[PDB]
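# This one's a deposited entry, sequence included:
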Amino acid sequence: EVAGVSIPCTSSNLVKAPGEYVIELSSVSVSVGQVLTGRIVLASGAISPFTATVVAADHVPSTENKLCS
Amino acid sequence: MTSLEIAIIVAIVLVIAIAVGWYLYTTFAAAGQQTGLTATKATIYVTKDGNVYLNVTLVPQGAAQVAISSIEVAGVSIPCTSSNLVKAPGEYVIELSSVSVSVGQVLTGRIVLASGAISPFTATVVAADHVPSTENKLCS
Amino acid sequence: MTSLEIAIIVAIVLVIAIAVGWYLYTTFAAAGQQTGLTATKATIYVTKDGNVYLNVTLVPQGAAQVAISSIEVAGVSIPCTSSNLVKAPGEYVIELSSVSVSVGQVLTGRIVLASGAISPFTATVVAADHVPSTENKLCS
Amino acid sequence: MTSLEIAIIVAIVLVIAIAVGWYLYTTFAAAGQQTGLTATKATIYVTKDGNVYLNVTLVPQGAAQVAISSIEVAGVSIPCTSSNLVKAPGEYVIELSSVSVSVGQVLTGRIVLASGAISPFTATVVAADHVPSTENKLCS
Amino acid sequence: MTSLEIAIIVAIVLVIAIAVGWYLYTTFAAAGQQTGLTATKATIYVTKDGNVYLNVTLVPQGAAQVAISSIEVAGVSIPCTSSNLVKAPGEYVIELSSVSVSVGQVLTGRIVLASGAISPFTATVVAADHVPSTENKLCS
Amino acid sequence: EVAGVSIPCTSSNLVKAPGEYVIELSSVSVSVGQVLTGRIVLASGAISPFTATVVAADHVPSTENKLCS
Amino acid sequence: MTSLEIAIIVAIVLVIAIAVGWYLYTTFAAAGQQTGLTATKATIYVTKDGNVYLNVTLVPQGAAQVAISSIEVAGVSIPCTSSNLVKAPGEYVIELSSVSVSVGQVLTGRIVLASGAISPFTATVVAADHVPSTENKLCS
């Protein structure tokens, strides 16, 4: 859940090891400069917040380590 | 004490420990959902025929669907009883009913949420032609 | 309590404390990226044949790639839908479409960014001969 | 219970107690090593031939060897893949690759660490003659 | 759990709590010693023979012995490698090496400390006869 | 009896030798991270508790040493 | 341990829990009573015969009966040893003993409380006819 938009995860939702992971946001329309918070809701009950800013980029990376596909 | 005692005591003790631990988890999960509105752009528009409308851009801080209670701008309060939910960041249009302004002035304002948090405006007036016919209205 | 309870509670409290601590770290790391544009030199140039173009020098404040939304100079607004990113400090050239001016006037201006920040101009007009053919265009 | 029972239970109980206690000790010893960078002086220098370089003074907060990931100044990011360790407090020199500035401007920036914490600059530009040939380089 | 366990855990927890508490005390005692220079009077004096010297009054803000690094006045930097400690509030005399000025001008400057803090001057020039022979020199 | 759900055992309910055994749980719906307790009720009267946590896994093991089939 | 031990330990542990918890409550209840004065209107009035008096309006910030220690206006200090309590928001009248002023001047001042907090004035002088005979005097 980021900026009020909730996104369910029904596949590859397991974190096997520490690393860098990439999550696609579906329909959130933002603009460069804004500051967005968020949460990662786990299955057990614990959570983890985001407070992540927006930065401009060119292309979607084609790599592994996706979390909600 | 006899192992019967340790059995009884460990059972009750473990029940209490699990209860308090997941109480802490639930408290954290509830405090993480603290939310509120914030504005990044606001410019009151006025048409030639006197119709005025606010064209603001909202971004919900947190992970929740904030509920807008009322918009108070330039002393004129405006209740909101429909479409008062901010579902996602975007550009929203709020119609001002009877505020009579003139091009050039500077008007401040507030967005009062249902929880208690607010947000100021510091918005100027700019001349425009026609009321936009689009979605993303906040108080209809 | 029994060391079983202290084990459970220490595990949960450690998880929560680590989460909140790195939440604070991420908040600081995100607030450190607050950015905005600033100008250090601006002089609207006019050619003999009527072509006008602004020759401004920008410096991005912060550590980010700011996005220019629109240029409003002397009441004429100009949208920007391509190459609207400022990658590094330098001298940039913006074509003004239809503003008809005369040598000597003093014009104001504003650069409206996407995040909300702005920047004034207080730029004057100076005579020039030909439109420069170079890179570093901002709104094409 | 029979002394056999108290023997068994005290053995297991003591093992668990020692485990949890030294778990607390090790958690404290790991939390004591939380570290981060801080800056006390930074003035970007520019040579007559266009070469620019940052002459910053770093002090590691904590008791550890912090690792520098990247330096972002005025929107220009610079990765660091060698000599990116801050071993002790001192004056360090970082070369900026292609940033083109002019004497007098005011530039901000960040030092992004490997753990996540950062440190901002707000460093001004000053004119200088020659690039210094010395040790204590951070991104080569 | 057995009071043997409570003994072990209370010992370890008390050690950790005392450590963290007096850590808080030491952190507060170190943050309370933050210091810096401030000026209340400065008038660059000039003699008939061309010798110039600044007659400034310093007051250390805080409770510490600030260290003066360099004096930069009107673009001329002057290093300080001796007597660069400010022991107590009072009137201090700094000699300027080669700055050639004329009565009436207005010069600004900075006192750059070792920690990072600075202080401006906004000091005018006034005519005087002879260089004073007294103590309280800052950069000799 | 685990997490309030009781499961009878009417076949291969004998423990021949110390070792690792596998019991299928019929309808208990859990989520990764929770902490469940339990009991093994014997025929003589003595019992044995569990306090066993949940861990994610991929496939049901196809092996011997089942206790309630 | 035997249930006798758990009985003793739980008794002492619960006593300590209640003590510390209601200590936290009482600390919060005491910190919530932090108070101080604030002014919203002040205009020193002067009569034709030389009698001067300040006609101020006070509002106690907090929930308490603040105590006024002294009034210092334009360098003249005036002690207060009676009626020095502000019981409720309202308009209060303070007599100035020997301050000799003239219509038009601009005077500042302070209200020094017993706790330590203060409040400035920025109060101008205005001509008036007679000293008002009413209640709500602060230093008699």
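Sure, I can see it. Numbering: from 1, shown residues only, chains lettered A, B, ... in the order given.
# Enumerate every residue touching the residue nearest the centre of chain A.
The C-alpha lying nearest the average C-alpha coordinate of chain A belongs to residue A:23 (C-alpha atoms, centre = their mean; 4.3 Å). With C-beta atoms under 8 Å, 6 or more residues apart in numbering or on different chains as the criterion, the residues that contact residue A:23 are A:7, A:66-68. In short, each C-beta sits where N, CA and C put it, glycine included.
# how does it look with 7 Å?
Neighbouring residues of residue A:23 by C-beta atoms under 7 Å, 6 or more residues apart in numbering or on different chains: A:67-68.
# Against chain D, how distant is it?
For residue A:23, the distance to chain D equals 18 Å [C-beta to the nearest C-beta, to the nearest Å].
# Next up, phi/psi of that residue, please.
Its backbone dihedrals place residue A:23 at phi -120, psi 130, with angles given as degrees, to the nearest 10.
# With residue A:62 instead?
The phi/psi pair for residue A:62 (degrees, to the nearest 10) reads phi -100, psi 90.
# Name the residues of stretch A:39-52 that are buried.
Buried residues in stretch A:39-52, counted by 16 or more other C-beta atoms under 10 Å in any protein chain shown: A:39-42, A:44-52.
# how about that stretch against chain C, any contact?
Yes. Figure legend: stretch A:39-52 in contact with chain C (C-beta under 7 Å from any C-beta of the partner chain); contacting residues A:46, A:48-52.
# Likewise for stretch A:31-38?
Yes. Figure legend: stretch A:31-38 in contact with chain C (C-beta under 7 Å from any C-beta); contacting residues A:31-35.
# So that stretch, near chain B or not?
Yes. Applying C-beta under 7 Å from any C-beta, one finds stretch A:31-38 touching chain B at A:34, A:37-38.
# What ranges does chain A have for its strands?
Chain-ordered strands for chain A, with DSSP state E as the definition, fall at A:35-36, A:52-53.
# starting at the chain centroid, how far to the last one?
It refers to strand A:52-53. The chain centre lies 11 Å from the centre of strand A:52-53; the measure is C-alpha atoms, centre = their mean, to the nearest Å.
# Can you give the contact residues for it?
Surrounding strand A:52-53, the residues in contact under the criterion C-beta under 7 Å, 6+ apart are A:35-36, A:38, C:26, C:30, C:33.
# Looking at chain A, what residue ends up closest to chain C?
For chain A, the residue closest to chain C is residue A:33, as judged by C-beta to the nearest C-beta, at 2.3 Å.
# who's in contact with that residue?
With contacts defined as C-beta under 7 Å, 6+ apart, the neighbours of residue A:33 are A:54, C:35, C:113-116.
# And residue A:14, by the same measure?
residue F:56.
# quick one: it from chain D, how far?
Applying C-beta to the nearest C-beta, the value for residue A:14 to chain D is 23 Å.
# now swap in residue A:22 and tell me
Applying C-beta to the nearest C-beta, one obtains 18 Å for the distance of residue A:22 from chain D.
# residues near that residue, how many?
By other C-beta atoms under 10 Å in any protein chain shown, the residues close to residue A:22 number 14.
# Identify the residue nearest it in space, chain neighbours excluded?
The shortest distance from residue A:22 to any residue other than its chain neighbours is 5.6 Å, reached at residue A:66 (C-beta to C-beta, 6 or more residues apart in numbering or on different chains).
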